[PDB]
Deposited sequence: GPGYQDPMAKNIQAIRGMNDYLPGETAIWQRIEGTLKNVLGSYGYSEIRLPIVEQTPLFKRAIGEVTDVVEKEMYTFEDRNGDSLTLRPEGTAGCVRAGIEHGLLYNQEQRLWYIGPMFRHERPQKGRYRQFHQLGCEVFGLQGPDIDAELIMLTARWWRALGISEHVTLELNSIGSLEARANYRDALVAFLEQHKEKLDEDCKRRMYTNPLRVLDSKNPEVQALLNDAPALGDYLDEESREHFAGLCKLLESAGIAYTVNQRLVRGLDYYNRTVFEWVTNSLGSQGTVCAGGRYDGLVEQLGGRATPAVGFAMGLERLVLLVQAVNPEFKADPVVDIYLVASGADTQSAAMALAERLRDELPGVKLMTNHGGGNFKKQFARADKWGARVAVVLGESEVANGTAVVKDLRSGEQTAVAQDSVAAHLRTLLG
């Protein structure tokens, strides 16, 4: 009998997916308005990668990764994040040697934590990474980018930014005794210069020294966007080197798409996506089959952009209209034996009930006016 989805791994069913589609689109759209490019990386990578780049002491590598041994005996790990993955493909394809790269990625991520409301074992991130820029200016842009999404999505009133700086090794290996006190000048310099750009931008922030990231590749800048946390990231200038490439500056962040989606469904409880169906093609009688399907393609060639589902497996009219209704069809094009003969097809506005027989070469324009 029945197999169940592994615990901590979800099935975004149709209805859910429509919402995701809309949000993902807005996000991607904004990412494009800023000049960024999409990059795609593998789901699995050699375990050393997350051992090295993320650390051996991290709760992630220690007790959270999905590692297994390939048939050839190599330790493999299901990516718990993509920053490591990116740098890796970055160094390997030589796109970071004295080059600027503003990239983004979207896809699943894996970690064996325990299932919560906002925590899942296969979860999804939308992340950004930039290589080649040092100054706090670029750090500002990223935050501004996230800022624009909140606006775009309508959740600015429910997302707070929290900053912080952590200089480097010395700033810590000297701050052993016991608040970013040490932090050499260029660090309070770079953080101050970023805290300023952030103001001139009217972006409301809240510094906090008790803000730590569970990943050990961050240096200077470090932030988290929290809800009344959906996004987080920071700098990592030495990582490109610490993995075998010519050291170059870099900053990035990644957002939890399940958190973002749930938040967007909380703040705008009405947020709806387009129906999956605009036009339902009703048909009855014997041998209306090829006709209905032919009419369907025809209207498809004439109306790309409209969603038209063709009814199959018969059913009486009452049913077909119920089905058209089930999908959110705003209009139904009826093709019976008559219509077939008359070269017409009835066009019923499901909204207003009014129907009307139309010359086939005419329905396209008719529908165009109905669907407005």
Note to self, deposited ranges with zero CA coordinates are 1-9, 188-231, 282-287
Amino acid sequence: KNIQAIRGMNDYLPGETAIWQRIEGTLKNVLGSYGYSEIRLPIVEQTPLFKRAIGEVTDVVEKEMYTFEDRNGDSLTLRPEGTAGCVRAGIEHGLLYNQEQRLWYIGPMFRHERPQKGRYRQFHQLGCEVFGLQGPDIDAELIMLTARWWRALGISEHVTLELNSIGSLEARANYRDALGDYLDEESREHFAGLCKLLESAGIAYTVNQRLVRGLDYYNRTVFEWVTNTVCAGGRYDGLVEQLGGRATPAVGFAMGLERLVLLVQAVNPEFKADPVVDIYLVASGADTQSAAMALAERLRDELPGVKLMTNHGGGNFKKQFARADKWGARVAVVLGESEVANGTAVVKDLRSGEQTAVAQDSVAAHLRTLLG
From here on, numbers count along this sequence of modelled residues.
270-278 versus 102-110: which one carries the higher mean Cα B factor per the record?
270-278
Stretch with higher mean Cα temperature factor, 208-216 vs 244-252, is 208-216
Options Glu297, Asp139, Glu129, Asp287 - largest CA temperature factor per the record:
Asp287
Name the one of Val264, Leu169, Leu257, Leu133 with the greatest CA B-factor according to the PDB entry.
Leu169
B-factor third for the C-alpha atom of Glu56 within its chain:
highest
How does the C-alpha B factor of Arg79 compare with the rest of the chain: lowest, middle or highest third?
lowest
Among modelled residues of the same chain, the CA temperature factor third for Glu337:
highest
For the chain shown, is the CA B-factor of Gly118 in the lowest, middle or highest third of its modelled residues?
highest
What third of its chain, lowest, middle or highest, does the C-alpha temperature factor of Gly73 fall into?
middle
